[PDB]
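Here is the structure we will look at, set down as structure tokens.
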Amino acid sequence: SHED
Amino acid sequence: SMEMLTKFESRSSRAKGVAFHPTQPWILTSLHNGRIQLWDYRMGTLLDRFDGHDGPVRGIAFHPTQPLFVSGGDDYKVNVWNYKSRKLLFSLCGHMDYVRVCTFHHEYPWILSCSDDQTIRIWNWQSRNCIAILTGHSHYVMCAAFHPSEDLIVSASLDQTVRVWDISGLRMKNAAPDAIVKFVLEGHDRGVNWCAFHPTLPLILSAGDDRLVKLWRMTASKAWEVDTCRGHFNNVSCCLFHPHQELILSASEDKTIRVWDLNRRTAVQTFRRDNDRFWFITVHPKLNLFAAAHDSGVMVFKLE
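Which chain is which? The protein sequence lines are A and B, in order. The opening residue of the first sequence carries number 77 in the numbering used here; numbering runs sequentially from there. The opening residue of the second sequence carries number 3 in the numbering used here; numbering runs sequentially from there.
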């Protein structure tokens, strides 16, 4: 998701 | 082997972006919690804090000569600040999803930003107007960068491609009688998180969720894959060329910064942290001085  | 000579460390919640000031001993650090910090790494002290976003701030950059910096947030805004007056001057609105990167051009009065909305935007920061929307990627644009001496942009996307864009027609959009994709670099089998130009050679680095760092070469008419750095065991978040040695640097969610030989693509050195994934690395425009953002803060270091 590459949310971090 | 090489050694890391640490010059400064901040302790914070997760850091996402770092920007070196070109002439003052400062870094900006943009945090997952929405705050931007300004640190003096010579004195080791916090100079300022800037709260102008809701949610993570992934993009951060200084103007090369004006007292300005730009930030880019998960709230979709590209904010322009004056660090002397300590004021948010204005927001540039237009992106429709997270902003991943924002930078200033070295000569034109432009800001570059890229976004999960699959676009790259170019803004005139003097007039405060969007002047171009670069479309073509089919997933998040995770990175975009201006070429240091030619009218090119390189971008990286979760659509598994690195794109090279010719912006010469954009600069001359109103010349007497737009941007266009010049190269589509295919090879990564997963999303691409980062891309970088070499400062003087016609080289590109990219890094991805395939755990690989790829080196590409170009001319005015062709571009092709040269080689692959293998060794990371999680997503590679960021990569860059050492400006002063024949070396490649990468940083990864596997909690390592890796140094590689530019000519052989073999491992030169690995630096690890026990508990912290790395999200970003940058190099000072002049000094043998690097910064890395990770889950617990930022490190500034020399490589010897």
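Note that CB positions come from ideal geometry on N, CA and C, so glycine has one too.
- Cα atoms of B/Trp281 and B/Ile169: separation of roughly 29 Å, rounded to the nearest angstrom.
- Where B/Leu94 is concerned, the enclosing beta strand (DSSP E) starts and stops at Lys89 to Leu94.
- In terms of beta-carbon proximity, B/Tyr142 lines the interface with chain A, with at least one pair separated by less than 8 Å.
- For the beta strand (DSSP E) assignment, the uninterrupted runs of no fewer than 3 residues enclosed by the segment 107-143 of chain B are, from N- to C-terminal side, 112-117, 122-126 and 131-136.
- Between B/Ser117 and B/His97 a beta carbon distance of about 4 Å is seen, short of the 8 Å cut, so the two are scored as contacting.
- The Cβ atoms of B/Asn237 and B/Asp211 sit closer than 8 Å to each other.
- Taken atom to atom, the span from the alpha-carbon of B/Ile122 to that of B/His139 is near 9 Å.
- By the criterion of at least three beta-carbon pairs nearer than 8 Å, the segment 268-282 of chain B is not in contact with the segment 222-229 of chain B.
- Taking the Cβ atoms as the reference, B/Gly299 lies roughly 4 Å from B/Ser14, within the contact range of under 8 Å.
- Rounded to whole angstroms, the separation of the alpha carbons of B/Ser3 and B/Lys79 is 42 Å.
- CA-CA distance, B/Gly193 to B/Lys184, rounds to 20 Å.
- Looking at the DSSP output, B/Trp281 bridges to nothing.
- In the structure shown, the three-state DSSP call for B/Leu172 is helix.
- In this structure, the alpha-carbon of B/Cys197 lies about 7 Å from that of B/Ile206.
- Cβ contact annotation for B/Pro245 (same chain, cutoff 7 Å, sequence separation greater than five): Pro201 and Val285, in chain order.
- Secondary structure of B/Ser252 (DSSP, three-state): strand.
- Judged by DSSP in its simplified three-state form, B/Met98 adopts coil rather than helix or strand.
- Beta-bridge partners assigned by DSSP to B/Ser239: none are found.
- When rounded, the separation of the alpha-carbon atoms in B/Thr8 and B/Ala294 is 11 Å.
- In the same chain as B/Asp180, and ignoring 5 residues on each side of it, the C-beta atoms closer than 8 Å to its own belong to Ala134, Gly171 and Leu172, in chain order.
- For B/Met4, no beta strand (DSSP E) run applies, since DSSP gives it neither H nor E.
- For B/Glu188, the enclosing beta strand (DSSP E) covers residues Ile182 to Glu188.
- In this structure, B/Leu242 sits near B/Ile283, with a CB-CB distance shorter than 8 Å.
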